[PDB]
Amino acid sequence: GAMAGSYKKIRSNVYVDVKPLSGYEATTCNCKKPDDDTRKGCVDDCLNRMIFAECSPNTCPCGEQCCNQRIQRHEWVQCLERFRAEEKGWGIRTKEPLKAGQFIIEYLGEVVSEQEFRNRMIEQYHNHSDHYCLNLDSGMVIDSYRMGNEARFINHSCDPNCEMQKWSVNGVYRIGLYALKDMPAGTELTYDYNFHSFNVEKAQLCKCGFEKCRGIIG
């Protein structure tokens, strides 16, 4: 019955220490442009998509027809609701059905180096009953304890319907939430923290309720 955790809402990532630069030359896929405004360009066949790179809109042969610029264009689903999830504080659920592979929302926050987060863990996060952090890349981490978006309220499940994917978006790695399977309306979005989130030494009881639930968060 406790109120939701305060944070400052952001529209894009905040780079505190480092930049999550990827070593990429995005963008010379061998995609063919289709003809109808409603036959999308670059499908999974796309060579940028294959290596989780988004096309650039300046160089993509499909132009304004390419459907592989979801993160940079912020093509988030507009049907999320934060809600009281039993035994798991607050969570996020979709209000409309989603489909496997569908991009849902970007995970936002303060991008910090591994060590900066560790310091933060001792000076400020030692009395916390909730943990808001994803691994990004090479010792870098997206911290949403303070600044973030509604993706910070997404809970863990040992049998998840969603996953975090790391994409290079015009040279920078960003993390988005994507559907793993079809999900109907009202469904609580979940991903596996073990794989995606940063480990804390402090264990919490898992309540995901899967038959092979690990019993532990982390």
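Residue indices: 1-based, along the sequence shown.
Comparing the deposited coordinates for 27-35 and 55-63, the stretch with the larger average C-alpha B-factor is 27-35. Two stretches are in play, 80-88 and 126-134, and the higher mean C-alpha B-factor belongs to 126-134.
Highest C-alpha temperature factor among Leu189, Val43, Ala185, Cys158, as the PDB entry reports it: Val43. Annotation for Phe103, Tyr145, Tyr107, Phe117: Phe117 ranks highest, by Cα B-factor. Ranked by C-alpha B-factor against the other modelled residues of its chain, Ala2 falls in the middle third. The PDB entry assigns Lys207 a C-alpha temperature factor belonging to the middle third of its chain's modelled residues.
Placement of the Cα temperature factor of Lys9 within the chain: lowest third of the modelled residues, per the deposited record.
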